[PDB]
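Peer 1: My questions will all concern the structure given below.
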Amino acid sequence: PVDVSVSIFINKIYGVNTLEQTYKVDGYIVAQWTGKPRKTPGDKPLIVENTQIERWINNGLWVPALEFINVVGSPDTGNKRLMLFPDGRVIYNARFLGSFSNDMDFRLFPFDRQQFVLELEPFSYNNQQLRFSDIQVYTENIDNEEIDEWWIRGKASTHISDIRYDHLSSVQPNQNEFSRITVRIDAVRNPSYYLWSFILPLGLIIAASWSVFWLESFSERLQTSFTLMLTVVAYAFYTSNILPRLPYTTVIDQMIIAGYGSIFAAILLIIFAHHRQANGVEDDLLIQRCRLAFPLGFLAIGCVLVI
Amino acid sequence: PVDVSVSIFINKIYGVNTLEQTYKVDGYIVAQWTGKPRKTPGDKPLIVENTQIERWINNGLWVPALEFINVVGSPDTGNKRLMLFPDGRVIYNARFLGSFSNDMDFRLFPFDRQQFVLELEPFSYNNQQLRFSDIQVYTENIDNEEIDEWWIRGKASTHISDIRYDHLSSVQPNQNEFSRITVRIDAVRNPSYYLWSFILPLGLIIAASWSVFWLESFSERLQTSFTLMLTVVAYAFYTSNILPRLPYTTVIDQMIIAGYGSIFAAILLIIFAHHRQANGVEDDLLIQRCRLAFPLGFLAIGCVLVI
Amino acid sequence: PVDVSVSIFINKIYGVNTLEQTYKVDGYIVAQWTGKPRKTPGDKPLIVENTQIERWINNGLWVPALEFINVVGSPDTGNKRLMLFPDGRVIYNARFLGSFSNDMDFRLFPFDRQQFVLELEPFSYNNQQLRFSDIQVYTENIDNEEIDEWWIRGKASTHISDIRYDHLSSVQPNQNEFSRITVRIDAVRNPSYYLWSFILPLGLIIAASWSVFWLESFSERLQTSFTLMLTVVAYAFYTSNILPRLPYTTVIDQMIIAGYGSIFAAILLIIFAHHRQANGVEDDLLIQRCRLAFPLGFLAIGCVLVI
Amino acid sequence: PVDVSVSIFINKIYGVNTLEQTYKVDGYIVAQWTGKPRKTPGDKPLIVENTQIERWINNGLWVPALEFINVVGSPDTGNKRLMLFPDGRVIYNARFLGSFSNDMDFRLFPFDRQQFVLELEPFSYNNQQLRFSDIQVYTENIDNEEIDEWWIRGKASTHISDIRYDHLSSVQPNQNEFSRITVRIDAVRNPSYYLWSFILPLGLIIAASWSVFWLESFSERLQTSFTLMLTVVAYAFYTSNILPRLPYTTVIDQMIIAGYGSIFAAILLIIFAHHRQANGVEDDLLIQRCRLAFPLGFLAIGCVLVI
Amino acid sequence: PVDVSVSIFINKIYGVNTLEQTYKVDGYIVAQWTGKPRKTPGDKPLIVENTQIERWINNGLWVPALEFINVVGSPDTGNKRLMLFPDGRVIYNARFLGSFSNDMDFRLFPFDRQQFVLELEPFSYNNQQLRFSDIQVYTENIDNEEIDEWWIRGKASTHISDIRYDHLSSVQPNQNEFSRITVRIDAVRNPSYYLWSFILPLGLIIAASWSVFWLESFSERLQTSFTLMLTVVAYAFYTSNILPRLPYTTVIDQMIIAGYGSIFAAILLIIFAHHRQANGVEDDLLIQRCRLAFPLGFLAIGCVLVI
Ligand SMILES: CN1CCN(C(=O)O[C@@H]2c3nccnc3C(=O)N2c2ccc(Cl)cn2)CC1
Ligand SMILES: CN1CCN(C(=O)O[C@@H]2c3nccnc3C(=O)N2c2ccc(Cl)cn2)CC1
Ligand SMILES: CN1CCN(C(=O)O[C@@H]2c3nccnc3C(=O)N2c2ccc(Cl)cn2)CC1
Ligand SMILES: CN1CCN(C(=O)O[C@@H]2c3nccnc3C(=O)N2c2ccc(Cl)cn2)CC1
Ligand SMILES: CN1CCN(C(=O)O[C@@H]2c3nccnc3C(=O)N2c2ccc(Cl)cn2)CC1
């Protein structure tokens with residue numbers, strides 16, 4: 001059972017696709033194992049780049065194909081390198097840019113916590129043939145957190161395991177466990193942009209909605225919530241067109257639903273204030289003055305949606 | 001007639017193109033058929049990965065090309081593996097990402113039922129040369145329905161059948177039936193996002209539209225439905241910029257039309273109210289008070305569109 | 001002069017690009033021609049799939065390149081197959097997906113009739129070297145038009161001709177006419193979406209524009225016409241974002257220009273009615289009541305557009 | 001010094017990318033030169049299609065690589081052809097699709113004059129080794145300009161010149177001038193769509209803005225200018241979503257700023273009119289009756305854009 | 001320790017992706033080194049183009065792969081050229097187009113200062129095997145600055161350095177410093193388009209907002225502030241849709257925030273003016289006439305955000 005020791009060097013994690021639950025990783029794989037000793041020129045290690053690697057594989061060099069289990073599509077492999085040592089050991093070094101897949105929950109956007117994952121697994125060789133000895137992951141990142149969209153928490157957490165593959169086994173009974181390296185990088189979204197540019201003005205819109213009650217006439221009170229309604233639509237349009245695509249409501253979506261709610265609720269009280277009377281124009285002196293009543297009724301219903 | 005056994009492993013079904021009637025399928029194919037026995041190194045099955053498979057083919061390994069009938073474009077093939085057993089049998093295993101085509105009706109969106117389909121068929125060998133012995137499909141999915149756009153329902157239908165290509169047959173008469181594997185995976189759309197952020201406020205807009213009759217003045221009444229019209233336009237827009245491209249009207253698309261209708265029907269009633277008179281300002285006390293007439297008249301005419 | 005029988009089987013015609021004048025065709029080419037008899041294994045027809053065709057060609061197999069004349073870029077090719085019969089004859093079968101070029105008039109959108117074309121031609125052999133014996137095209141489609149964007153009308157037109165490249169001929173004089181196959185598929189656009197979701201409400205906006213004249217005051221008449229204008233801009237905006245980009249105006253675009261007009265004409269009359277007076281508010285006592293005059297005056301200006 | 005004759009046949013010029021200063025050119029390249037006499041099968045010219053050309057190159061056939069100096073990326077090449085004549089001469093024919101770069105000024109859009117340029121040059125051979133003997137360009141386009149976005153004007157300009165790369169020469173001193181073919185194709189934009197759907201309504205918006213002065217009251221005069229303001233924004237938007245992305249203002253863009261200006265200037269005058277007084281309500285019966293004054297001040301700013 | 005002399009020729013720097021922090025570079029690499037003397041045809045340096053380069057490599061030509069350290073994905077390579085001299089020296093020449101990554105701060109857009117960076121380093125060989133003797137960069141760009149998006153300021157930066165990978169060294173101890181060429185080009189953004197088309201009209205929007213205090217009534221003062229609010233939303237939208245996407249606010253983003261605030265402060269002062277009284281309509285003679293107060297109060301807070 002060949003021991004393969006791995007090092008992944010992560011260069012940039014970028015381009016998160018909310019819809020596809022996808023993110024881009026550029027970096028390097030280094031894979032090392034020990035073969036039977038060789039005679040290299042001089043005595044110095046033999047270097048074999050790109051094209052020539054296939055030539056060595058033809059003359060019988062075992063260079064096992066390691067699949068990125070959760071890569072969507074197949075990665076752009078940059079340069080490849082075989083490092084063949086005379087003491088026997090073999091190093092395969094190559095650059096890759098890949099699009100990777102992971103479960104991503106975006107429901108509390110723009111306050112999501114996500115985690116970026118890599119899954120390596122030898123493509124054709126079982127655990128009894130090729131085994132992952134160890135893995136080091138190097139996230140050569142740090143600093144400039146507010147210039148980048150995401151805050152990396154940890155240093156990269158790792159777990160090597162055995163996967164079975166209990167569908168038709170049968171082919172090779174007793175031996176259908178593959179060893180799998182699983183690298184996880186934890187991360188937090190830097191919400192500033194979304195707070196100041198989406199959350200804040202959506203609030204000023206929402207708040208200023210409640211100023212509909214400081215209007216004197218019923219005609220004023222009502223004709224204005226129609227403009228005010230048109231505003232939340234202008235906003236939802238502005239919001240939706242800019243924000244990441246998801247198949248669900250995020251927190252910001254709910255804020256917008258709440259805007260439609262306060263305003264539609266406003267419409268109802270306002271019409272109600274007017275026509276519920278003991279004459280015709282008996283506008284409920286206190287209900288018309290719910291100018292404080294439901295702004296804080298919104299903030300109570302607001303603090304409960306937080307739970 | 002070579003018996004070929006297939007097993008398809010479905011990893012991710014994503015990216016439905018509504019206009020193109022398209023979806024993405026990531027997975028693995030395993031194909032097995034049995035040959036004349038080989039003398040393999042050691043005695044354990046021989047592994048041939050990617051490039052070396054072509055090398056084996058140039059030397060006469062029969063690897064029959066299995067075509068994805070309904071793949072739009074030609075799939076992204078990942079690692080390929082030939083697994084050659086001494087008892088003769090041959091296993092072809094490769095990872096694939098493909099764009100598949102199937103008839104998709106999205107009329108009752110966002111509540112569509114869809115079925116993601118795969119059709120396998122040997123590219124050059126007929127039922128009398130190469131035959132599909134059996135096929136199993138494994139969708140090793142589970143959990144997180146409320147996170148995903150699509151909810152898979154069954155375990156996946158399978159069907160092997162025989163296709164008669166009766167166009168110039170003639171070339172090889174009597175032997176022009178190809179055997180076809182058909183996988184069908186049932187699905188339902190996640191209607192939550194479309195309900196809460198589209199259906200709901202669209203209703204509040206349509207509903208608030210009716211509050212125009214609670215206005216005292218005629219000029220207020222009329223000038224108002226023009227802001228109100230401007231609303232359903234800004235809203236139809238927000239919908240169409242965000243919702244999926246189609247060549248037909250969905251349930252939402254209709255709501256928008258009924259939206260335009262209520263307002264335009266209103267405008268007419270309002271002018272009628274005013275100008276159908278025996279003086280100038282004889283507003284039909286009852287017709288100006290059709291505040292209940294067409295709000296509940298909209299629910300009957302609205303629900304008849306459901307039949 | 002080698003006789004080539006061609007047969008194209010059309011699977012999907014999708015993805016029309018209105019600015020670039022483009023469409024996608026997925027299907028298969030089958031080309032048949034006859035060589036000197038071969039000694040094939042058994043005596044049965046010899047099959048050569050993908051990778052191997054190029055190999056036979058290094059050993060002198062003439063497999064002439066047939067070019068897609070009006071293809072944009074170079075086609076996505078699926079599986080290749082040579083079918084080599086012992087009596088001499090040779091059949092080439094391949095799958096393709098290509099983006100094709102053709103003149104397309106979209107002036108009468110959403111009611112265009114279009115025709116999707118394939119133009120095949122030998123890439124290197126003239127009419128005296130390679131000639132198209134015949135060509136048949138099978139678009140084994142039918143049914144479900146109300147699901148697809150386009151409705152195919154005919155069964156496909158065919159045309160074999162001779163193309164005379166008379167630019168420097170000279171090199172090989174008297175012999176530079178290549179034989180060309182031309183396929184034609186007629187189609188009609190499915191106007192349903194555009195009828196209900198563009199034409200109808202745009203008609204309602206314009207119609208409701210005319211309701212400006214039932215407004216009592218001048219202040220009312222002119223201000224409401226500003227909202228009216230903004231609704232046509234909001235509509236102008238919703239139209240252009242969803243509708244296909246063209247370098248010319250369609251029918252829907254004109255309805256829009258007509259909209260801005262009916263509204264701008266009213267602005268002018270409305271100011272006129274009021275300021276053309278013998279006192280100050282002498283709205284030409286009758287002209288303000290052109291409530292019927294220019295709506296049907298619009299429909300006549302509308303039918304002058306039948307020309 | 002090898003004499004090479006070139007002929008380019010342009011099939012389609014399309015897809016102008018304003019931002020990147022790029023356009024697509026599809027066509028064929030033909031190059032002819034005279035080698036040492038050969039013995040071809042029969043004695044008529046030998047044809048070598050695609051794959052097979054490298055094979056001929058591997059055996060010492062000089063097929064010199066001619067680079068498209070201004071191509072963005074590397075061209076999509078379709079079928080390749082070698083034509084080997086017994087008298088020595090060699091013909092290289094290939095189809096290409098390329099994105100080419102040239103300086104493009106889009107300021108006076110939608111009436112720009114652009115020129116599509118192709119630049120050809122041997123990649124590895126200097127003027128003393130390989131020289132462009134002559135070149136002719138064929139624009140086999142014609143008819144129906146009214147359906148196409150761009151109108152090709154001339155019959156294509158041609159220039160063979162010598163480029164002196166005087167950077168370290170040194171390597172090969174006295175000999176580092178490359179021969180360069182320059183093709184120029186002038187064209188004009190189809191101004192129809194933009195005149196009718198941008199300029200005409202952009203104008204009617206700006207014009208109707210001026211009706212603010214026929215409003216009687218000060219509220220009306222001031223408040224409407226705000227609604228009037230929102231319209232130039234909504235119009236600014238539609239303009240921006242549809243029109244080409246540039247790093248500078250176009251004519252229309254300036255038209256839009258002028259819309260914003262006329263309205264902001266009106267805001268001031270309207271306020272000035274009201275408050276420049278000898279009472280409170282000394283509304284300049286005249287400055288409020290600059291109803292003719294500043295529409296022609298706009299026609300003046302309009303004619304100043306020409307100076 | 002092989003001396004490699006490098007020269008980069010920059011053709012075009014374009015296509016900057018703000019979210020990915022990406023930009024496109026088209027140009028040429030020249031690499032020169034001296035090997036052991038060769039026997040070339042004639043005595044003139046031998047030319048080996050594209051395809052034939054690998055053929056020389058398979059015969060043992062050392063052609064070391066130079067990695068673009070900071071490239072995103074792997075470059076589109078055009079023509080390659082090997083120039084093999086009799087005296088030993090070898091020149092590698094290739095055109096390339098790549099997307100490169102560099103840290104980009106876009107906080108004070110549109111008044112950005114950026115620097116476009118290229119990083120070269122041998123993929124497999126350290127400082128002791130392969131060393132960069134010198135490098136010159138030629139950016140033969142100039143002029144028409146007001147036509148191109150970015151104004152290249154300095155000439156070109158050059159820095160050869162030694163990178164110490166101190167990760168498992170071990171494998172090759174004492175020798176794991178690679179020599180790195182770093183090219184820096186400074187550039188400044190052309191702020192014209194965003195000034196004249198964004199900054200300016202945004203300013204006129206904000207300013208014309210303050211005129212709400214010149215309105216006589218409270219309803220005039222309040223209701224208009226809502227149309228004023230919807231106008232900022234409209235502008236936010238138009239801005240957002242056109243401007244480059246980033247994860248943080250730029251200057252324009254703040255202007256919009258300031259716009260939202262100014263309107264909300266107005267909603268407040270205005271309601272307050274009205275209800276802070278000793279009667280009911282005692283509109284504070286100074287606070288109603290904060291017509292100068294907070295137009296200038298915005299200018300100090302506007303001037304303090306700059307400092
Ligand atoms: C990464 N590597 C290991 C797994 N492979 C694989 O084994 O494929 C399928 C697979 N994919 C998903 C889930 N289960 C299975 C399974 O049981 N397979 C299988 C089963 C038998 C044989 Cl001979 C080959 N493959 C592809 C290459
Ligand atoms: C998957 N497969 C079966 C179909 N092949 C082929 O049959 O293509 C066509 C095809 N496509 C669609 C409908 N009918 C036909 C037909 O009659 N064909 C055909 C073409 C050539 C020959 Cl020799 C025999 N048959 C190619 C490979
Ligand atoms: C199908 N086809 C590809 C184009 N080929 C070719 O003929 O190239 C050009 C071409 N393209 C478009 C229009 N006319 C011509 C012409 O007259 N050509 C030409 C010019 C010289 C020689 Cl030797 C051969 N052909 C020939 C066969
Ligand atoms: C078509 N083409 C191929 C590449 N060639 C080349 O000359 O590239 C560079 C280049 N590109 C742009 C501007 N100047 C130069 C220069 O002086 N070069 C150069 C550098 C070294 C050597 Cl040996 C030869 N040429 C020139 C002709
Ligand atoms: C340009 N070139 C040199 C080095 N390569 C390389 O060094 O890969 C990794 C790498 N990438 C990023 C950061 N550090 C390292 C490291 O220490 N590696 C490594 C791992 C094993 C061996 Cl033998 C040599 N080097 C990449 C290609």
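Letters A, B, ... mark the chains of the structure tokens in the order given; residue numbers begin at 1 per chain; ligand numbers begin at 1, in order shown.
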At a cut-off of 12 Å, list the chain A residues touching chain C, using only C-alpha atoms, as a PyMOL selection string.
Peer 2: chain A and resi 227+234+237
Peer 1: For the residues selected in the previous step, produce a file with C-alpha atoms as a CSV table (one decimal), in the first residue's frame.
Peer 2:
```csv
chain,number,residue,atom,x,y,z
A,227,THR,CA,-45.9,56.6,-3.3
A,234,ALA,CA,-38.1,50.6,-6.5
A,237,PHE,CA,-35.8,46.1,-7.7
```
Peer 1: List every residue of region 71-281 of chain E that DSSP, applied to the backbone of this structure, assigns to strand (DSSP E), and report them as a ChimeraX atom specification.
Peer 2: /E:76-84,89-101,113-122,130-138,150-152,157-164,177-189
Peer 1: What does the structure give for the distance between CA of residue 164 (chain A) and CA of residue 187 (chain B), in Å to one decimal?
Peer 2: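 Between CA of residue 164 (chain A) and CA of residue 187 (chain B) the gap is 27.7 Å.
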Peer 1: Skipping near chain neighbours, those fewer than 5 positions away, what residues fall within 10 Å of region 285-288 of chain D using only C-alpha atoms, listed as a PDB file with N, CA, C and O atoms, in the first residue's frame?
Peer 2:
```pdb
ATOM      1  N   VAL D 212     -43.144  73.271 -17.535  1.00  0.00           N
ATOM      2  CA  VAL D 212     -43.245  73.583 -16.130  1.00  0.00           C
ATOM      3  C   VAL D 212     -43.673  75.049 -15.975  1.00  0.00           C
ATOM      4  O   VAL D 212     -44.345  75.412 -15.020  1.00  0.00           O
ATOM      5  N   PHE D 213     -43.360  75.874 -16.961  1.00  0.00           N
ATOM      6  CA  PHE D 213     -43.648  77.295 -16.857  1.00  0.00           C
ATOM      7  C   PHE D 213     -45.094  77.669 -17.182  1.00  0.00           C
ATOM      8  O   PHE D 213     -45.568  78.751 -16.827  1.00  0.00           O
ATOM      9  N   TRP D 214     -45.803  76.784 -17.859  1.00  0.00           N
ATOM     10  CA  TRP D 214     -47.222  77.012 -18.102  1.00  0.00           C
ATOM     11  C   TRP D 214     -48.100  76.594 -16.902  1.00  0.00           C
ATOM     12  O   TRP D 214     -49.328  76.636 -16.971  1.00  0.00           O
ATOM     13  N   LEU D 215     -47.470  76.150 -15.822  1.00  0.00           N
ATOM     14  CA  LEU D 215     -48.201  75.810 -14.607  1.00  0.00           C
ATOM     15  C   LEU D 215     -48.495  77.107 -13.889  1.00  0.00           C
ATOM     16  O   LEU D 215     -47.639  77.991 -13.834  1.00  0.00           O
ATOM     17  N   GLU D 216     -49.689  77.245 -13.332  1.00  0.00           N
ATOM     18  CA  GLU D 216     -50.078  78.541 -12.771  1.00  0.00           C
ATOM     19  C   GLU D 216     -49.381  78.875 -11.439  1.00  0.00           C
ATOM     20  O   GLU D 216     -48.616  79.834 -11.346  1.00  0.00           O
ATOM     21  N   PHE D 218     -47.106  78.456  -7.727  1.00  0.00           N
ATOM     22  CA  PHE D 218     -45.706  78.215  -7.350  1.00  0.00           C
ATOM     23  C   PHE D 218     -45.446  76.772  -6.861  1.00  0.00           C
ATOM     24  O   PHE D 218     -44.372  76.225  -7.113  1.00  0.00           O
ATOM     25  N   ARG D 221     -45.265  74.716  -9.959  1.00  0.00           N
ATOM     26  CA  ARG D 221     -44.024  74.976 -10.666  1.00  0.00           C
ATOM     27  C   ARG D 221     -42.855  74.305  -9.990  1.00  0.00           C
ATOM     28  O   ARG D 221     -42.012  73.725 -10.673  1.00  0.00           O
ATOM     29  N   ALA D 266     -34.121  75.210 -13.980  1.00  0.00           N
ATOM     30  CA  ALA D 266     -35.534  75.521 -13.798  1.00  0.00           C
ATOM     31  C   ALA D 266     -35.906  75.581 -12.302  1.00  0.00           C
ATOM     32  O   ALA D 266     -36.673  76.455 -11.883  1.00  0.00           O
ATOM     33  N   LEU D 269     -34.672  79.083 -11.008  1.00  0.00           N
ATOM     34  CA  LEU D 269     -35.493  80.147 -11.556  1.00  0.00           C
ATOM     35  C   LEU D 269     -36.873  80.127 -10.985  1.00  0.00           C
ATOM     36  O   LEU D 269     -37.401  81.183 -10.679  1.00  0.00           O
ATOM     37  N   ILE D 270     -37.480  78.948 -10.883  1.00  0.00           N
ATOM     38  CA  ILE D 270     -38.817  78.852 -10.303  1.00  0.00           C
ATOM     39  C   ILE D 270     -38.895  79.421  -8.871  1.00  0.00           C
ATOM     40  O   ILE D 270     -39.847  80.141  -8.520  1.00  0.00           O
ATOM     41  N   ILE D 271     -37.905  79.054  -8.055  1.00  0.00           N
ATOM     42  CA  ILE D 271     -37.712  79.582  -6.701  1.00  0.00           C
ATOM     43  C   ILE D 271     -37.404  81.084  -6.701  1.00  0.00           C
ATOM     44  O   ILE D 271     -37.997  81.853  -5.934  1.00  0.00           O
ATOM     45  N   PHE D 272     -36.532  81.500  -7.617  1.00  0.00           N
ATOM     46  CA  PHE D 272     -36.124  82.897  -7.767  1.00  0.00           C
ATOM     47  C   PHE D 272     -37.336  83.742  -8.097  1.00  0.00           C
ATOM     48  O   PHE D 272     -37.635  84.693  -7.383  1.00  0.00           O
ATOM     49  N   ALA D 273     -38.067  83.327  -9.129  1.00  0.00           N
ATOM     50  CA  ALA D 273     -39.308  83.961  -9.560  1.00  0.00           C
ATOM     51  C   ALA D 273     -40.210  84.275  -8.384  1.00  0.00           C
ATOM     52  O   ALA D 273     -40.697  85.383  -8.240  1.00  0.00           O
ATOM     53  N   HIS D 274     -40.404  83.283  -7.532  1.00  0.00           N
ATOM     54  CA  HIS D 274     -41.299  83.396  -6.393  1.00  0.00           C
ATOM     55  C   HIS D 274     -40.772  84.359  -5.351  1.00  0.00           C
ATOM     56  O   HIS D 274     -41.497  85.238  -4.886  1.00  0.00           O
ATOM     57  N   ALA D 293     -37.905  81.659 -23.341  1.00  0.00           N
ATOM     58  CA  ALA D 293     -36.543  82.075 -23.118  1.00  0.00           C
ATOM     59  C   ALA D 293     -35.594  80.882 -23.145  1.00  0.00           C
ATOM     60  O   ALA D 293     -34.791  80.745 -24.063  1.00  0.00           O
TER      61      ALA D 293
END
```
Peer 1: When the cut-off is 8 Å and you count only C-alpha atoms and all ligand atoms, which residues lie near ligand 5, shown as number ranges by chain?
Peer 2: A: 7-11, 27-31, 79, 83, 91, 93-95, 138, 140; E: 66-67, 69, 121-126, 165-169, 171-172, 176, 178
Peer 1: Please list as a PDB file with N, CA and C atoms, in the first residue's frame every residue within 7 Å of residue 163 (chain A), counting only C-alpha atoms and excluding residues in the same chain fewer than 5 positions away.
Peer 2:
```pdb
ATOM      1  N   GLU A 177     -12.514   0.549  -0.292  1.00  0.00           N
ATOM      2  CA  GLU A 177     -12.324   1.701   0.547  1.00  0.00           C
ATOM      3  C   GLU A 177     -11.209   2.546  -0.084  1.00  0.00           C
ATOM      4  N   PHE A 178     -11.488   3.796  -0.404  1.00  0.00           N
ATOM      5  CA  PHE A 178     -10.452   4.712  -0.880  1.00  0.00           C
ATOM      6  C   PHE A 178     -10.056   5.723   0.181  1.00  0.00           C
ATOM      7  N   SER A 179      -8.777   6.081   0.266  1.00  0.00           N
ATOM      8  CA  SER A 179      -8.439   7.057   1.305  1.00  0.00           C
ATOM      9  C   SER A 179      -8.695   8.431   0.755  1.00  0.00           C
ATOM     10  N   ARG A 180      -9.336   9.289   1.560  1.00  0.00           N
ATOM     11  CA  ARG A 180      -9.707  10.665   1.168  1.00  0.00           C
ATOM     12  C   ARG A 180      -9.201  11.780   2.099  1.00  0.00           C
TER      13      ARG A 180
END
```
Peer 1: Could you find all residues in region 112-234 of chain C that DSSP calls alpha helix (DSSP H) from the backbone, and write them as JSON, numbers by chain?
Peer 2: {"C": [192, 193, 194, 200, 201, 202, 203, 204, 205, 206, 207, 208, 209, 218, 219, 220, 221, 222, 223, 224, 225, 226, 227, 228, 229, 230, 231, 232, 233, 234]}
Peer 1: Hey, can you check how far CA of residue 117 (chain D) sits from CA of residue 1 (chain D)?
Peer 2: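 Rounded to one decimal, the two atoms are 26.6 Å apart.
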Peer 1: Could you please determine the separation between CA of residue 75 (chain A) and CA of residue 26 (chain B) in Å, to one decimal place?
Peer 2: 14.2 Å
